[PDB]
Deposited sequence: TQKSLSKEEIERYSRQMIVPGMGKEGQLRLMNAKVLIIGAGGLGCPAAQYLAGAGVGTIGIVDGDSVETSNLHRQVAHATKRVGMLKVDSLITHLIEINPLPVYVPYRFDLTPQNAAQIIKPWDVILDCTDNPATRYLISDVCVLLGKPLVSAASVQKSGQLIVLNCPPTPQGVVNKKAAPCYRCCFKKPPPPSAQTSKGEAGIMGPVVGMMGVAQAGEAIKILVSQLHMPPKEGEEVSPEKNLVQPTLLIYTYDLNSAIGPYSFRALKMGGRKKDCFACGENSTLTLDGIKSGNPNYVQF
């Protein structure tokens, strides 16, 4: 709702206010924006740091885990105020589940996924899809990382009749593999990988808000130079036995909603009521 800029705010944001695309007009977008981050460790931290810094209006965070007593949500928020006092930080000081995940998302304009568990990753997309929200998902384990921008702009469930942004299921159809799953606790993590990926995640979120890419298009089709409906899956491999290689960042363009997707496709048996009840039980492992 805020229409004008504080001398306080004008001073803080002037460095990125004077860039093509980001006027008093472009900045107010971010200040009224409401972004949510699911997961506070690893990808959460840098993602949150670069939203905070950018002056995203409200920044949510969801993690019931503690540090290695004190929840990691709290630790991080305490950190973020130092970067930017002005944003409203909103800690969900527990872990997301089917019972709540519906409740935890309906408020927020853009969803970031840093969840680190495959079951949860599927859950979010489902909900995000149903509620009609854009997902910037991102993953990192060991020496490798990857990122993608799903359901932007958010196309209603089952509307296959129009060129329409792919869901996480549409992409990554049925896998997760049961015994091929490594965790960040299991397999470790190099710092710059999770860092690159988080920072980029924030990058995509900011973009979505500032250029208003979650806004459905004018019977007109959506420009393909946005890479929204046909979005790249950027894969970062970190080779600590080599310098930056031509095959360091590979960009795999992806298909629009799979007409037969379980969730966002034609004849989906997926209901918000469903997930709550335990309907698509996330027993895929």
Quickly check which stretches of the deposited sequence aren't in the model, judged by C-alpha, and list them in order.
69-83, 234
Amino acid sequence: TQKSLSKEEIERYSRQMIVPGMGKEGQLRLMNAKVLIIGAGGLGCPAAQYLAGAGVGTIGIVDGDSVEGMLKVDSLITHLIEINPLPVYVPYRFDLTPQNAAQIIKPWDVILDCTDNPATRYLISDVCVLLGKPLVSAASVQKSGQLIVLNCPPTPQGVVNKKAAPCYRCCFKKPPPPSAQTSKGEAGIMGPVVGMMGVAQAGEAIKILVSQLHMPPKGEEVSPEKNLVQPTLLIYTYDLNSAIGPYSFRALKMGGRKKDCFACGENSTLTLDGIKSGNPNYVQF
From here on, numbers count along this sequence of modelled residues.
Taking the recorded C-alpha temperature factors, which stretch has the higher mean, 220-228 or 39-47?
220-228
Please compare 131-139 with 158-166 and name the stretch with the higher mean C-alpha B-factor in the deposited structure.
158-166
Of the choices 245, 53, 60, 57, which one's C-alpha carries the largest B-factor in the record?
245
From 82, 126, 204, 113, can you pick the one with the highest C-alpha B factor in the entry?
126
Hey, what third does residue 74 fall into on Cα B-factor, ranked over its chain?
lowest
Would you please rank residue 190 by its C-alpha temperature factor against the other modelled residues of its chain and give the third it falls in: lowest, middle or highest?
middle
Among the modelled residues of its chain, does the C-alpha B-factor of residue 108 lie in the lowest, middle or highest third?
lowest
Looking at the temperature factor on the CA atom of residue 24, which third of the chain's modelled residues does it land in?
middle
Residue 177: which third of its chain by C-alpha temperature factor?
highest
